[PDB]
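As structure tokens, the structure follows; a few thoughts come after it.
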Ligand SMILES: *CC(=O)NCC1CCN(C(=O)[C@]2(Oc3ccccc3)CC[C@H](N)CC2)CC1
Ligand SMILES: *CC(=O)NCC1CCN(C(=O)[C@]2(Oc3ccccc3)CC[C@H](N)CC2)CC1
Ligand SMILES: [Mg+2]
Ligand SMILES: [Mg+2]
Ligand SMILES: [Mg+2]
Ligand SMILES: [Mg+2]
Ligand SMILES: [Mg+2]
Ligand SMILES: [Mg+2]
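Chains as they are written, first to last, in our numbering: chain G, 387 to 622; chain A, 387 to 622; chain Z, 110 to 114; chain L, 110 to 114.
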């Protein structure tokens, strides 16, 4: 709404300035405005959108984890009663986090995904959908936790199916999707074996296709392959 | 307004949680609410207030400097015209920064300063007043720049006069005041000689009084003395 | 915490 | 930038 009077190109320009200034909330608001113009996003623009919201929600998740840890300690035997404040403030942060996730999911549903026909765009958006449901799942404790988890799984699975058919095994989007879906398995779905298998198979199939790549594509793919290895090392 | 329904003690508790979570905007809002209860602040509470706003405005200042640098580069010969966006976004950040400064100054004026009778509280608040006028001065370019600068100077000078009469030369508040007033001289008032003299005299008078201190007071005072030395080294 | 992108 | 507290 607030960005309705600003030109699309000016919103994109400002998102880039906001990134340089490390003003990620501003960057996300600019990119939301740009999406709401209704035109499809280019590759560069999709990456601006993802960076902005990743940084905003990343900060909320880190804060939530600090507060949840304090709250869990408060519920241990021998802890002194300090009143409702820790729970209240964790809830406040949580609600704000959920709001950001709902905003992103809303942009994807209205109407980024449905207009995305090329494999690279569609997989990118479906990965995002999986990621923001995963963030919702991290904080979910009630009747809908299972459905939230399944929503993440379904989005990731659709993305995986497209990526395997349409993209090479070194494609950075396909690699990043696999990295994150593997973490979903380990941290959310209580499926560490699936997580490890996915990471390993993804790494090995990428390794086998590196020979096809330019120097610059090699750099991009090997970076994410190293993240897969890092997780495998953490988990084995 | 928004914090009017929350207990003072709960606001203080939450400010501390927000600090642990690195949620400095929340921390500042909680502390604003606490001030607006109308009771004087304890030493610990004054420090919570200062930390919160220092971190919020510190981030705005860093962003402002990034954007101002981009804007200055845009105004160099041979730079391509990119439209009003850089100036607009610098102005947006600037206005937000000014707003935070005005909020802090407002808390000090209504009614922290007037109720602060003890030297340690009064000097602390007057230092803050000088600091937030200094932040206003950093971004000021119009008819009132001189008056803003003079407002900073006057606040710092009152604080200096009280601190010299009422506090030992090692007192951390007195040291921090001197450190910041010295930076005011160097960066705002175009008085590098005054800045250097102040820093040197402050350091040397503190050095001479260290012998009176406990181990823990020595640690506190020497930390800020090292900042004075660091600035002297930068400037000489 | 594991790596995601 | 110089140190302030
Ligand atoms: C439009 C498009 O092709 N986007 C994909 C880019 C591929 C390279 N990128 C990355 O490697 C990082 O972010 C990712 C987001 C989603 C999927 C995979 C990667 C950004 C730089 C980091 N050092 C590594 C991940 C940007 C997106
Ligand atoms: C109520 C009171 O006595 N406050 C003064 C504290 C003295 C010790 N402090 C500091 O040294 C730091 O912050 C300052 C703010 C204002 C004046 C001087 C210091 C906080 C820790 C940093 N490592 C050094 C500065 C806290 C305030
Ligand atoms: Mg237009
Ligand atoms: Mg909740
Ligand atoms: Mg398989
Ligand atoms: Mg009360
Ligand atoms: Mg202005
Ligand atoms: Mg003198």
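C-beta: ideal position from N, C-alpha, C; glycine also.
If you check each beta-carbon in the region 425-451 of chain G against every beta-carbon of chain A, the ones closer than 7 Å belong to 449. Not a single C-beta of chain Z is nearer than 9 Å to the C-beta of residue 503 of chain G. For residue 560 of chain A, same chain residues with a beta-carbon under 6 Å away, outside a window of 5 residues either side, are 549 and 553 in chain order.
In the DSSP assignment, residue 492 of chain A falls within the unbroken alpha helix (DSSP H) covering 471-493.
Setting aside the 5 residues that flank it on each side, residue 596 of chain A is surrounded in the same chain by 556, 604, 607 and 608, each with a C-beta closer than 8 Å to its C-beta; the list follows chain order. Think of a sphere of 8 Å around the beta carbon of residue 471 of chain A: the chain G residues whose beta carbon falls inside it are 396, 399, 400 and 403, in chain order. Rounded to whole angstroms, residue 396 of chain A and residue 403 of chain A show a C-alpha spacing of 10 Å. Neighbours of residue 562 of chain A in chain L, taken as residues at a C-beta separation under 7 Å, are given in chain order as 114.
Residue 408 of chain G sits away from residue 407 of chain A, with the two beta carbons spaced by 9 Å or more.
Our two residues, residue 526 of chain A and residue 487 of chain A, have alpha carbons roughly 13 Å apart in a direct line. By the rule that beta-carbons nearer than 9 Å mark a contact, residue 456 of chain A does not touch chain L. Per DSSP, the unbroken alpha helix (DSSP H) holding residue 542 of chain A starts and ends at 531-552. In the structure shown, residue 444 of chain A falls within a helical segment according to DSSP collapsed to helix, strand and coil. Its Cα nearest to that of residue 387 of chain G, the residue G/424 stands out among G/405, G/399, G/424 and G/586.
Using a CB distance cut-off of 9 Å, residue 521 of chain A does not count as an interface residue toward chain G.
Listed along the chain, the chain L residues whose CB falls inside 7 Å of the CB of residue 572 of chain A are 111. One alpha carbon belongs to residue 618 of chain A, the other to residue 611 of chain G, and they sit about 48 Å apart.
In this structure, the alpha-carbon of residue 485 of chain A lies about 53 Å from that of residue 551 of chain G. The region 498-505 of chain A makes no contact with the region 435-444 of chain G, as fewer than three CB pairs between them are under 8 Å.
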